[PDB]
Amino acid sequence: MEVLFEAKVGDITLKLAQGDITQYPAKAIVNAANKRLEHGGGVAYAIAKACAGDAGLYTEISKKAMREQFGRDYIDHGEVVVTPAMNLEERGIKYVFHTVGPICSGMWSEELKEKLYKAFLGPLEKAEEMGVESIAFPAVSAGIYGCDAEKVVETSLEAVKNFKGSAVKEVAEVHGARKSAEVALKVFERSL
């Protein structure tokens, strides 16, 4: 874990970090999931496997939590399913917050932006609701969903700036790859 940027946004200490989100010191980590919470690849897989020892197992656990919480087997952008972090709890990570961003395939529009915005904002609001004081998120939609990396980080920062909460004191945005992190750094530097 390398911290690349740290800024004060209101009462929130916001950090940009490069590393493995399943090792970030936060109370809740966010999973960039699909609507059905099938954690078959990407950071969704790494989180699923790190929590349960088997990604398929966490998928099942996630679908069950989703049914209980939303009464159906999918979520919409902005809805956040909460699962126990299990094997990560020893590291101080209590929860995984599952969020779903839009599929972009290199496209960008106001409707896609709004969907991505809800996907970042939902988990912050979920943390505030639960009184969860620190949260880490990944680059939602910037994986196989193909959203432009700079648009993703810009949208994330809008959600952080507009978020109204007092319980949330610490927010981190975590990128796995050095390149991805350095692009976020450019956005962070000009926007804060």
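The numbering used is simple: start at 1 and walk along the sequence shown.
Where do the C-alpha atoms have the higher mean temperature factor in this entry, in 101-109 or in 75-83? It is 101-109 that shows the higher mean C-alpha B-factor.
On average, are the C-alpha B-factors higher in 117-125 or in 90-98? Between 90-98 and 117-125, it is 90-98 that shows the higher mean C-alpha B-factor.
Residue, from 38, 68, 148, 154, that the PDB entry assigns the highest Cα B-factor: Within the set 38, 68, 148, 154, 154 shows the top C-alpha B-factor.
Using the B-factors in the PDB entry, rank residue 48's C-alpha atom against the chain and give the third, lowest, middle or highest. According to the entry, residue 48 has a C-alpha B-factor in the chain's lowest third.
When the modelled residues of the chain are sorted by Cα temperature factor, does residue 164 land in the lowest, middle or highest third? Its C-alpha B-factor belongs to the highest third of this chain's values.
Relative to the other modelled residues of the same chain, rank the CA B-factor of residue 26 and answer lowest, middle or highest third. It falls in the top third of the chain.
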